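Asks: Sharing an experimental structure here, sequence included.
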Amino acid sequence: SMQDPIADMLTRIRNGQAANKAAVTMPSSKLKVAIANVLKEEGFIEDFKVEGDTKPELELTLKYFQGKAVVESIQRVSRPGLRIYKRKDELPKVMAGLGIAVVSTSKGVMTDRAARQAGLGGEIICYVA
Amino acid sequence: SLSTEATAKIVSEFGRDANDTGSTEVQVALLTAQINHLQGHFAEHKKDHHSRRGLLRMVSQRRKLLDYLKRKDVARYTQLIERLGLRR
Amino acid sequence: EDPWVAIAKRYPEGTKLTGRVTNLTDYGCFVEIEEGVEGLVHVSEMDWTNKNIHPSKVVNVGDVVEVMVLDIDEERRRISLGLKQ
Amino acid sequence: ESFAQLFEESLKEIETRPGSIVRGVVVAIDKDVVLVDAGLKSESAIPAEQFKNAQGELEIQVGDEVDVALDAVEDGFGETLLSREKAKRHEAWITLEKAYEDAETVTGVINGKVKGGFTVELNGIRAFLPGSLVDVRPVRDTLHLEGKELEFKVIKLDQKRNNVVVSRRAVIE
Amino acid sequence: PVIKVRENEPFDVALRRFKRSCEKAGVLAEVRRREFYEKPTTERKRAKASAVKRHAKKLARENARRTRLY
Amino acid sequence: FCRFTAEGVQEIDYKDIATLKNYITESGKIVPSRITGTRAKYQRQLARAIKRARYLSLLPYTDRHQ
Amino acid sequence: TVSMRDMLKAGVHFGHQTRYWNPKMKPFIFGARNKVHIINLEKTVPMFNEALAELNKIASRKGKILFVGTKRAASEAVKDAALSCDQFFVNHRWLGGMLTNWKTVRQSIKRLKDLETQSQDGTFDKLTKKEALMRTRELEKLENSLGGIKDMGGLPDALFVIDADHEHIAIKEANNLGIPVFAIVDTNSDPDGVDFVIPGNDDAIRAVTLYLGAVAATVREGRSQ
Amino acid sequence: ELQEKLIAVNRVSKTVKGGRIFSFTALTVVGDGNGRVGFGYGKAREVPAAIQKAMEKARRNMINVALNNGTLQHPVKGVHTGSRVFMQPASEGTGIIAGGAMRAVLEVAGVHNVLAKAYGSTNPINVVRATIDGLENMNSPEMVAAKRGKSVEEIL
RNA sequence: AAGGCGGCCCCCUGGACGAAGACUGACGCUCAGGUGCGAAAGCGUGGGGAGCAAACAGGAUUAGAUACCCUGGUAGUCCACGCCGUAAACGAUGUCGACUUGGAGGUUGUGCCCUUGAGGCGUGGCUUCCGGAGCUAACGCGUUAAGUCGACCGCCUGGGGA
């Protein structure tokens, strides 16, 4: 069964990147949407577009620079089997700061750097590089 | 399998709308009737293992349904189990 | 259905036919014309030499020729035509 | 633009699948291979033997136009089935023409029956017909001067499998 | 393979016809097959193996054919 | 080149003996679907029909038997 | 420069059968008429133009172009194209490692040249009949193989190709070297090795000729410039 | 200007009707002390010839590596066949902390400061390849910025 | 579901798939212990016994031949009801879900289309082969993954001893 939606989304994104797909569609969720937004902000995707009322479909638009994909790596860290929560001092640095770590904090989902700035840690969703 | 007419009858009785058919209670009833029917068969045909598998599956499904009912709404479940005469 | 119920028209022993060959399968020639049937004229007749013949050398590809039935099985649809006649 | 889309459905409209539209211009001749271009993906490797008429020598130089056939696409590289069958359809049309006035008239000359019907040959092609068709009555063309000139009056055709027996001599009938 | 010699038919021809009939029947082949017991497994194996061989003959060889020998 | 697809028959009939006779051998055997070119779905049905016929002595099991 | 109508007339828009296609050519394909793939002329033409421009540019800096086409239908034509713009060509089978292994092939070329000289300029004659025959044969062989590239000297600065799938060895070599490739690429072919892909019918003769001619013209123009 | 290190030389055999024909494989690696690295694997009946061949191979098909000063830009994994390799950028003074074939490649590349472990297989040829791969994949900050549509200060 | 299942007919009976709708409203996935089903041989009691055939006997072969080959031949194979609980019980590949280029088939539905014809254009299920990216020690796998991921369980830690 479908157990981890965020993870699934990530996987889809990765596959799109691999296969040179322009845009990647999936069933929308609030968390997922937030993640997408974060990605956009950090510049790993071009744009995201949710569409529908009853069962809405999030559509990300993937980015390609000089032939190859932008999202070089994208891993879940927290996962239903084994959750990862970090305190603001223990927050990671993906690719020695060049990549980002999506972290869900009390003040919404944000990149690791942002979280650090705020002065708060939380559940580490995914590393993106 | 359960005859169409019988099924319809079952639906009408247990189902609130009678067009509903998918009500948990209705489903349970349907399962139960089928099980009852198959008992007779299996008394006769003790080595019919393949068929018995299906029966077992049905029973399991029924149990699951009952469980679901219990957590959701207790009174209804109780009523159902009075009607059908399910020990649990 | 359609060629095989009343397969008694070109039957009786040796009714000559004009049929275009289709593909020569190194044992055969496959001349087959008469409304959705299959004939062979395999390698043994074809000429007046038996075994060294190689049907691609001796007749053609896609050509209407001298052939007649010599044999019909209406059951295991193998009408076995000939060409040495 | 939709110039190209419209051009595509236009070019669909101005071709068909069988050998119907006489379109391939003979753009190289070499013995023993003719080759055309009927607005297909590739050029046909035509035999020379689909194009010599009734005595053995070629009839069509560069620019000449015969349709071929279709419905079979790509055996590796190339395009067609032969135009000579094309010709068969034309023959069928002339045979069909009979129906209109209940009499197709050409020349039919039938010397003998391979399988019970004199053989009749029309233009390049020669066809076989059931035994009755050759003669109107019991006249028999064995006493007639060999390979005689009449026409063909049709006696019998098998309509699925192509066997046509036609009526030599007896113009009056 | 029941056969009757036609009126004014040669012997040799008749014999040939009979032979043909027999071949069609696959009687000899059948007999050969039933001479000894083939384990089910063996039977299966032969059938699958044969099929595989056939497939190989059909496709791989066709591919080879595309390219000229000399 | 199946007959039953073109005719568009719902079920093959064991009573229709003539039809069956086209699909049976001179030796009585049922003819392969390679040779007849019968569709697979129909072929099975045909076979069944033949079998039924054989039970009813409408078709023979074999040429030799008596 | 080359119009769409002309291309259509030629038979560029036609491709291969649908079962023989490459899914990397799905962008350049328009549709499938009668179970045969149709190349999108709207996407082809601009690309072609670009390629032509590139070629012209190359010519302008005194670039050496190599024309490859070993189909045997358009062997005559490619040679002609090459000669019109006095450029080099490989109209018969591409020798494996012609460019990558130039230094060995340069010896072969030299040998060929020597043979030619012996044949023509010497005017000695008086040679043992079998030996002479052998020599002649050798010359013929060389001419067939390396006739177009005998005056190339070094490696070419660009590589024009009539079929990518057929001349993949050449393409690969080019890639290895880092020579720009200008391939005509039908639906069955692979465009990944090719730098300046040209979606078009490799097989049809008229189309091939058309492809050649424009290229030749552009080269000439470049030279003039 | 180019520095070239023969990593390993190994004797390899081919059995024939007579007996064993021996030969020698030379694995070399060359670099300019900056980004450019290239390994070469040469083979010959005698050692020196083989080595020469390897060197020649190396000299062509080089590869560029983005180096932030003396060290790497971020921790990078590289795998090839059995040999899977981890290498991590390190502070000036620490030196090349790495083992065997891996060390050599690093040295030529002009990394001065690394912490590098070779997990899995340590078959020189494979491990050098792995190292090369790791180096190659490693992107710089500028490059990343370019990719993402940002400035360098946005990424930090 | 696996083990497996093959003349024809009837009775009882389980599952699968498609077509549209209508309903229920997360009721789901996985599963240590537990429970069941589980080829062949084998066991128990009672039947049956044509063919085949462990054991056994004779004849060959051979240096020997407690084998291969031949002639016989009993348990067994067959049925009923119990037990046994294992097999290279194999795809040597746990189950469930999602995502990622293609081609050639087979089988079984189903929508439209002049079925003008065996067809034309789709859309579902199961399935055989080839092959791309990717993966792999390689062999190979490759939308039925051995690819990219998630959930749960089972299992491995040098060879022998075992």
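Replies: That came through, no problem. Numbers count the residues shown, from 1 in each chain, chains lettered A, B, ... in the order given.

Asks: What residues does chain D have near chain C?
Replies: Of all the residues in chain D, those in contact range of chain C (CB under 8 Å from any CB of the partner chain) are D:82, D:113-116, D:119, D:126-128, D:158, D:160-163. Placement of C-beta: from N, CA and C, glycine included.

Asks: Scan the residues you listed and report the most crowded one.
Replies: residue D:128 (26 neighbours; other CB atoms under 10 Å in any protein chain shown).

Asks: Which parts of chain B are helices?
Replies: In chain B, helices defined by DSSP state H lie at B:4-14, B:24-44, B:49-72, B:74-84, listed in chain order.

Asks: meant to ask about chain A
Replies: A:5-19, A:30-42, A:112-118.

Asks: how about those helices in JSON lines, adding mean neighbour count and distance to residue H:154?
Replies: Below are the helices of chain A laid out as JSON lines (neighbours: other CB atoms under 10 Å in any protein chain shown; distance: least, CB to CB, whole Å):
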{"stretch": "helix A:5-19", "mean neighbour count": "17", "distance to residue H:154": "22"}
{"stretch": "helix A:30-42", "mean neighbour count": "18", "distance to residue H:154": "9"}
{"stretch": "helix A:112-118", "mean neighbour count": "18", "distance to residue H:154": "10"}
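
Asks: I'd like to know which of these lies nearest to residue H:47.
Replies: Ranking the helices of chain A by distance to residue H:47, with CB to CB as the measure, places helix A:5-19 first at 43.9 Å.

Asks: returning to that earlier point: between the residues of chain D next to chain C, which is closest to residue G:29?
Replies: residue D:82 (29.3 Å).

Asks: nearest to chain F, of the helices of chain A?
Replies: helix A:5-19 (37.5 Å; CB to the nearest CB).

Asks: Please look at residue B:55 and residue B:35 and confirm they touch.
Replies: Yes. Applying CB atoms under 8 Å as the test, residue B:55 and residue B:35 come out as touching, 6.6 Å apart.

Asks: how about residue 18, what does it touch?
Replies: With no chain named, the answer covers chain A. residue A:69 (CB atoms under 8 Å, 6 or more residues apart in numbering or on different chains).

Asks: same check, this time on the one 5 residues further on
Replies: When the contact criterion is CB under 8 Å, 6+ apart, the partners of residue A:23 are A:16, A:59-62.

Asks: Any chance you could list what contacts stretch A:45-53?
Replies: Contacts for stretch A:45-53 (CB under 8 Å, 6+ apart): A:13, A:28, A:33, A:36-37, A:39-40, A:56-63, A:70-71.

Asks: Helices - which of the residues of chain D next to chain C land there?
Replies: Per DSSP H, the residues of chain D next to chain C never map to helices.

Asks: Go back to those and keep what's next to chain F.
Replies: Of the residues of chain D next to chain C, not one also sits near chain F (CB under 8 Å from any CB).

Asks: Name the nearest residue to the residue of chain E found nearest chain D, sequence neighbours excluded.
Replies: Here the residue of chain E nearest chain D is residue E:66; by CB to the nearest CB that distance is 5.3 Å. Distances taken as CB to CB, 6 or more residues apart in numbering or on different chains place residue D:76 nearest to residue E:66, at 5.3 Å, with adjacent residues excluded.

Asks: now swap in residue G:2 and tell me
Replies: Using CB to CB, 6+ apart, the closest residue to residue G:2 is residue G:214 (4.8 Å).

Asks: again, but for residue D:162
Replies: In space, residue D:162 is closest to residue C:33, 6.9 Å off (CB to CB, 6+ apart).

Asks: Against which helices or strands is the helix or strand where residue G:107 lies packed?
Replies: Using DSSP states H and E, residue G:107 maps to helix G:102-120. Other elements packing on helix G:102-120 under the criterion 3 or more CB pairs under 8 Å, 6 or more residues apart in numbering or on different chains; DSSP states H and E are helix G:129-146.

Asks: then the helix or strand following the helix it packs on to CSV, C-alphas only?
Replies: Downstream of helix G:129-146, the next assigned helix or strand under DSSP H and E is strand G:158-161. This file holds the C-alpha atoms of strand G:158-161, laid out as CSV (Å, rounded to 0.1, in the frame of the first residue of the first chain):
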residue,chain,number,x,y,z
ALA,G,158,33.5,18.9,-39.6
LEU,G,159,31.7,15.6,-40.6
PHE,G,160,28.6,15.6,-42.8
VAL,G,161,26.7,12.2,-42.6
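
Asks: helix or strand right after strand G:158-161?
Replies: According to DSSP H and E, the helix or strand after strand G:158-161 is helix G:168-177.

Asks: ok so, going back, that's a strand at the residue nearest to residue E:66, yeah?
Replies: No. Residue D:76: not assigned to a strand; according to DSSP: H, G, I helix; E, B strand; the rest coil it is coil.

Asks: For it, grab the count of nearby residues.
Replies: Residue D:76, neighbours per other CB under 10 Å, totals 12.

Asks: Next: residue D:169.
Replies: Around residue D:169 there are 21 residues (other CB under 10 Å).

Asks: Kindly report the same for residue B:68.
Replies: Neighbours around residue B:68, by other CB under 10 Å: 13.

Asks: Can you find the residue of chain A that comes nearest to RNA strand I?
Replies: In chain A, the residue found nearest to RNA strand I is residue A:81; the distance is 2.5 Å by CB to the nearest atom of the strand.

Asks: what does chain G give?
Replies: residue G:19 (3.3 Å).

Asks: which residues sit in contact with that residue?
Replies: residue D:74.

Asks: what helix or strand is residue H:5 on?
Replies: strand H:3-15.

Asks: Give the pairing partners of that strand; include direction for each.
Replies: strand H:20-31 (antiparallel) (DSSP bridges).

Asks: Now find how far off-centre the strand it pairs with is within its chain.
Replies: Centre-to-centre, strand H:20-31 and its host chain are 16 Å apart (CA atoms, centre = their mean, to the nearest Å).

Asks: How about stretch A:91-105?
Replies: On CA atoms, centre = their mean, the centre of stretch A:91-105 falls 11 Å from the chain's centre.

Asks: end-to-end on that stretch?
Replies: Stretch A:91-105 has an end-to-end distance of 11 Å (CA to CA, to the nearest Å).

Asks: go on, stretch A:51-68?
Replies: Using CA to CA, the two ends of stretch A:51-68 sit 28 Å apart.

Asks: cool, stretch D:110-128 as well?
Replies: OK, stretch D:110-128 end separation, CA to CA: 9 Å.

Asks: what packs against the strand or helix carrying residue H:128?
Replies: Assigned by DSSP H and E, residue H:128 belongs to helix H:124-137. Packing partners of helix H:124-137 (3+ CB pairs under 8 Å, 6+ apart): strand H:3-15, strand H:20-31, strand H:37-44, strand H:76-80, strand H:83-89, helix H:101-109.

Asks: sorry, back to before: what inclination does the helix holding residue G:107 have with respect to helix G:129-146?
Replies: On the basis of axes from the mean of the first three to the mean of the last three CA atoms, to 10 degrees, helix G:102-120 is oriented at 130 degrees to helix G:129-146.

Asks: by how many degrees do helix G:102-120 and helix G:168-177 diverge?
Replies: 120 degrees.

Asks: buried residues in helix G:102-120?
Replies: G:102, G:105, G:109, G:112, G:115 (16 or more other CB atoms under 10 Å in any protein chain shown).

Asks: cool, and stretch D:37-48?
Replies: D:37-44, D:46-47.

Asks: One more: stretch C:11-28?
Replies: Applying 16+ other CB under 10 Å to stretch C:11-28 flags C:15-22, C:24, C:28 as buried.

Asks: Outside of stretch G:75-91 itself, which residues are in contact with it?
Replies: Contacts for stretch G:75-91 (CB under 8 Å, 6+ apart): G:64-70, G:92, G:98, G:147-149, G:151-152, G:156, G:162, G:170, G:205, G:208-209, G:212-213, G:215-217, G:219-220, G:223.

Asks: Contacts only, for the residue of chain G found nearest chain F.
Replies: Residue of chain G nearest chain F, by CB to the nearest CB: residue G:35 (21.2 Å). Counting by CB under 8 Å, 6+ apart, residue G:35 makes contact with D:73, G:17-18.
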